[PDB]
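The structure appears below as structure tokens.
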Amino acid sequence: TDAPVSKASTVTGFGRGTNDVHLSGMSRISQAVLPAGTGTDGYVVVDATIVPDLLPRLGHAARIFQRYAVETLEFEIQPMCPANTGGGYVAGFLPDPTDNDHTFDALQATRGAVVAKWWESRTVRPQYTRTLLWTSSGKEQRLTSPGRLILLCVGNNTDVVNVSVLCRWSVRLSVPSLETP
Amino acid sequence: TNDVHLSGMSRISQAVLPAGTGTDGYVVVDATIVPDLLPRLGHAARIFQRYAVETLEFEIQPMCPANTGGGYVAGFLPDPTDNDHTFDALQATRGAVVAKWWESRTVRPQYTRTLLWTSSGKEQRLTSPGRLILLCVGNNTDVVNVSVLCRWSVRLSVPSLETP
Amino acid sequence: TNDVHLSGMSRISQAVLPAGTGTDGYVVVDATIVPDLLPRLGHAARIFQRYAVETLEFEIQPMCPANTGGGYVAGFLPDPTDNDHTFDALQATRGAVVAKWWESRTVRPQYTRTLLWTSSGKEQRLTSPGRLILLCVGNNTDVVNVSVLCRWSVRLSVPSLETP
Amino acid sequence: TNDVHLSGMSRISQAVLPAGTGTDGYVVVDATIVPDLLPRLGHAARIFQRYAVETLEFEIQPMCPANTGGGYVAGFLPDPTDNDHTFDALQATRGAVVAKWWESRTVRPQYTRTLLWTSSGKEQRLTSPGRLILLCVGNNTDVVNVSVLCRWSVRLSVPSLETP
Amino acid sequence: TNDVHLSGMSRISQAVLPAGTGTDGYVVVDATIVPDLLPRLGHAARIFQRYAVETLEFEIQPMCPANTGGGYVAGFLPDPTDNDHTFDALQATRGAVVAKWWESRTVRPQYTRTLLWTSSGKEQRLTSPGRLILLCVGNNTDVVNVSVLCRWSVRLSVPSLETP
Amino acid sequence: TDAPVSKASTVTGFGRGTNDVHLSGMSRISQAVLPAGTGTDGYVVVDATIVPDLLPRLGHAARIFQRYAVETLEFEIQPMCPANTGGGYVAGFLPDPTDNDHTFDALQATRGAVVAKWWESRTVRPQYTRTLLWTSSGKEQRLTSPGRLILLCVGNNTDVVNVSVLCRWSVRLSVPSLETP
Ligand SMILES: [Ca+2]
Ligand SMILES: [Ca+2]
Ligand SMILES: [Ca+2]
Ligand SMILES: [Ca+2]
Ligand SMILES: [Ca+2]
Ligand SMILES: [Ca+2]
């Protein structure tokens, strides 16, 4: 071969990363300790917006991706109080992150909402958006979070209640990037 | 057409029965089942004139300690004009249940499937499928927090705005 | 499924433009078409979450003395964020109409057939199919009472109760 | 291919004819239909080179007091170079209309279905399908505001950017 | 319908990097790809409300002597709100390229095919498919005249005139 | 059913996360700018220990895993200097992280080492350990890093050289956890 003025660049494998990871797992999105007698009807025990940052192991994975799509979402309310406590709880998943209404009727309207006594556990199988949602935050949060889990006291509680909200997320990240805080 | 079909669960009544005030025959919840009581169906019927119940299944959640003493009986009179609030009416009707204060039961009632009206009238016989009664069988020991959740599925028609 | 197909007519706005102030380019009815404006859809949106406008048609119904010698132009900008109130912007939009103050007209615009959100929010392009603008083209000799009726056919979905 | 089929409505002209000067044979709206006049087609012609008018229909929309006792005649001469402004020339052309000042009318002319040029040039017979002429047939007692709306369906081709 | 399909090449940005001012990490072109930047598509989107990118292929032509020392790296973030302007973001994304200052490369990016809006909004996430970044890897020796030409092919809809 | 003193816990899906992700990609491990005349024989241009922290997108993924195994490792030296510069470079991968020797012979001994002129690019296909390595640091680094890449100036450089070391890693993380800094 001859000697050129400047040789051509030989970078072949650039910008060819993997664009599909089906990360999944289970994590605790909220832990609450209700003092006795403060579980008044309508009190908001848990108000958690489902974002990749909220889920611990999903936050780092979404930091290196642009868009994620929730493939399977399920919640499991697991109170740890004894069986001699009186009162009820309601758990639901509002599919609109901007909604700020916190009433029993609002949760009861949504599909998959559960009402139970504090000495009994329930699973909230919700209705979420299957579309692609951006990992990073923005002006409108409806493109970033599938919804918000809300857990209220239906009735006045007698003893101290230690509730724990668990989430079984299953996402499919795509559009590789190196998103930064 | 205008056959809007709606369904969902809604708490018709939340009641707090105090401890030691559970004399037998005391009525905890005496509710005429009109669409106004149901929150979502209340908003739905405020913009409609006629509805027709297609599936009605009440379910009772009392939040009480498992060691409480007492019981509840529930029934659904298919006649809204009935004013009898005794155990006899409940035990006569179909789908009535009786249970302890910590148990959850479903009152699967016998309701009418005709087209009723979403607004008040001279007679309730064309405005509501019936009346739910919950009575306190036996004397309660602790405080009772009962909530009656109604699984309803109606079909609305004749669009028209209404004011309560 | 959970979809309900509702339809009806509503008066989004009614304005009394005084005589002599009907200068060209003066906004008369500048309304944003959200479910709140339509009363029946206002009640029906409170019990749902996401709607899609399947059919939208406006009617200008001025009520003026025949001596009035002015005109109006009506249009439906499919961009809620648009703040342009000029004649050309209206006329370019599909279905825009120009008429005299003594002739009712119909506007058949090009609504976006996407699933919007019933509730309000930070971005209006996801909550409103558009906004109607009516301009008084010519000076009117008499006071003109203009009413902008609307005919809508939405498809609600994702049942959920909400608050104003 | 490179062809795009656009359509819309536009106000080619709007004229305030004062009371008393509505003599017969007085030109009111004498406009040449080039893409410049139509705003949306004005923007769309700057990104193309050759267009063909597939459908062209005008609407006269006068806004006058009912006391006005004059009339108008509207026509579309398919020759841009024509400088004749007489009643017979208008009436002979296909689609010409005669009406009173309180009746909107539609003109459906015979446009030439050939591929013209979006840009201007030395000969106007290759750049404009024609020209609209409106004459005030009778004397008007009141001031008349006349608006000439246009409905066009062009087929642009030969993509290229241009300058005004 | 109104599915106007357009395509063609257009220079998004012409930049003149001075000699000896090529510190590593210096951003030469940081352009949010809205239709306004593209000349022909700018005119096209001034008469439309929604567009949907169907084929996007940037190509870089630097006019430099073959003996110049330095290099350029180019990438396309599919998120317009991203403000990171470092080599890490480019090397992370798909289709990014790095080359010498005399070479021409095509940045075949990963873009969204949804229907965006042709006008500004609160969020850029519905107005532009992404953001192109060109960084100066290494220190330039001579003066650099870089031009980024965008092969675009979009589909517009919802006719409406707009003013920038 | 009867009413027990205390009901049994119903947490079923606990500690059942995914233990296999084949994360892969390419990243720049070092960027150097050598001033003219300072490329003396033996000068250490690049001395990079291959750890999950060094690789940007791999750091977050290894933060949520215990052990990783390098399935495919390849380096690509890509100088950006013109074709009129004189001098050479040597690139190699020492498979022993504790080794601190920095000489031309040490690199030349290892398999896959490359010697070239500065106006020409080379790929370093090294010999690495296929065994499982812990993600987190410890007392002995030989259980955490496959090796160390070293890039030296073979001869004196004439002009300014801007070298860039790229790595094509391909790991297989396992043993899920939530390792913390
Ligand atoms: Ca982002
Ligand atoms: Ca009524
Ligand atoms: Ca909402
Ligand atoms: Ca031309
Ligand atoms: Ca707009
Ligand atoms: Ca560890």
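Sequence lines, in order, name chains A, B, C, D, E and F.
Heads up: take any position in the first sequence, counting from 1, add 82, and you land on the working numbering.
Heads up: take any position in the second sequence, counting from 1, add 2, and you land on the working numbering.
Heads up: take any position in the third sequence, counting from 1, add 2, and you land on the working numbering.
Heads up: take any position in the fourth sequence, counting from 1, add 2, and you land on the working numbering.
Heads up: take any position in the fifth sequence, counting from 1, add 2, and you land on the working numbering.
Heads up: take any position in the sixth sequence, counting from 1, add 82, and you land on the working numbering.
Cβ atoms here follow ideal geometry from the backbone N, Cα and C, with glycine treated the same way.
C-alpha distance - residue i paired with residue j, whole-angstrom precision
{"i": "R193 of chain F", "j": "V133 of chain F", "result": "20 Å"}
{"i": "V139 of chain D", "j": "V146 of chain D", "result": "13 Å"}
{"i": "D144 of chain D", "j": "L40 of chain C", "result": "40 Å"}
{"i": "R207 of chain F", "j": "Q113 of chain F", "result": "19 Å"}
{"i": "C66 of chain B", "j": "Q223 of chain A", "result": "40 Å"}
{"i": "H45 of chain E", "j": "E164 of chain D", "result": "10 Å"}
{"i": "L136 of chain B", "j": "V127 of chain A", "result": "29 Å"}
{"i": "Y53 of chain E", "j": "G119 of chain F", "result": "55 Å"}
{"i": "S12 of chain E", "j": "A47 of chain E", "result": "14 Å"}
{"i": "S106 of chain A", "j": "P177 of chain A", "result": "20 Å"}
{"i": "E59 of chain C", "j": "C152 of chain C", "result": "6 Å"}
{"i": "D181 of chain F", "j": "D187 of chain F", "result": "14 Å"}
{"i": "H104 of chain F", "j": "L140 of chain A", "result": "16 Å"}
{"i": "residue 242 of chain E", "j": "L189 of chain F", "result": "In the structure displayed, chain E extends from 3 to 166; residue 242 of chain E sits before or after that span and is not available."}
{"i": "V18 of chain E", "j": "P131 of chain E", "result": "26 Å"}
{"i": "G220 of chain A", "j": "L214 of chain F", "result": "40 Å"}
{"i": "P161 of chain F", "j": "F96 of chain A", "result": "15 Å"}
{"i": "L158 of chain C", "j": "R157 of chain B", "result": "15 Å"}
{"i": "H184 of chain F", "j": "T88 of chain E", "result": "32 Å"}
{"i": "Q209 of chain F", "j": "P263 of chain A", "result": "37 Å"}
{"i": "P82 of chain B", "j": "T34 of chain B", "result": "6 Å"}
{"i": "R115 of chain C", "j": "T3 of chain C", "result": "19 Å"}
{"i": "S88 of chain A", "j": "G168 of chain F", "result": "14 Å"}
{"i": "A195 of chain A", "j": "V172 of chain A", "result": "7 Å"}
Per DSSP, cross-strand counterpart(s) of residue i
{"i": "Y74 of chain C", "result": "C:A101 and C:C138"}
{"i": "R149 of chain F", "result": "F:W216 and F:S256"}
{"i": "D129 of chain F", "result": "F:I232"}
{"i": "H7 of chain E", "result": "E:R157"}
{"i": "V18 of chain D", "result": "D:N147"}
{"i": "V206 of chain A", "result": "A:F157"}
{"i": "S109 of chain F", "result": "F:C249"}
{"i": "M65 of chain C", "result": "C:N147"}
{"i": "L176 of chain F", "result": "F:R230"}
Cβ-Cβ separation, residue j to residue i (assumed contact under 8 Å), whole Å
{"i": "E158 of chain F", "j": "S252 of chain F", "result": "Their Cβ separation, rounded to whole angstroms, is 14 Å, which puts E158 of chain F and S252 of chain F out of contact at 8 Å."}
{"i": "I14 of chain C", "j": "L134 of chain C", "result": "7 Å"}
{"i": "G73 of chain D", "j": "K102 of chain D", "result": "5 Å"}
{"i": "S203 of chain A", "j": "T92 of chain F", "result": "5 Å"}
{"i": "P258 of chain A", "j": "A94 of chain E", "result": "6 Å"}
{"i": "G121 of chain F", "j": "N238 of chain F", "result": "6 Å"}
Contact test: residue i Cβ vs ligand 7 heavy atom, cutoff 7 Å
{"i": "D81 of chain C", "result": "The ligand content of the structure shown is limited to ligand 1, ligand 2, ligand 3, ligand 4, ligand 5 and ligand 6, which means ligand 7 is not among them."}
Within 9 Å of chain F by C-beta, residues of the stretch 81–115 of chain B in sequence order = Residues of the stretch 81–115 of chain B whose Cβ lies closer than 9 Å to any Cβ of chain F, in chain order: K102, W104 and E105.
For the stretch 91–106 of chain A, which residues have a beta carbon sitting closer than 9 Å to at least one beta carbon of chain F?
-> Sequence-ordered contacts of the stretch 91–106 of chain A with chain F read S91, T92, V93, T94, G95, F96, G97, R98, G99, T100, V103, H104, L105 and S106 [C-beta pairs closer than 9 Å].
Sequence-ordered residues whose beta carbon comes within less than 7 Å of a heavy atom of ligand 6 = My final list is F:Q148, F:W216, F:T217, F:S218, F:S259 and F:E261.
Please name the residues in the stretch 145–177 of chain A whose beta-carbon is closer than 8 Å to at least one beta-carbon of chain C, in chain order.
-> The residues in question are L176 and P177.
At a Cβ cut of 9 Å, what residues of the stretch 135–146 of chain D count as close to chain C, listed as they run along the chain?
-> Listed by position along the chain: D144, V145 and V146.
Chain B contacts made by the stretch 110–131 of chain A, where a contact means CB separation under 8 Å = Hits within the stretch, in order: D123.
Using a beta-carbon distance cut-off of less than 7 Å, what residues from the stretch 36–48 of chain C approach chain B?
-> Within the stretch 36–48 of chain C, the residues whose Cβ lies closer than 7 Å to some Cβ of chain B are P41, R42, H45, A46 and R48, listed in chain order.
Members of the stretch 153–165 of chain D that neighbour chain E once the beta carbon cut-off is set at 8 Å | Result list: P161 and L163.
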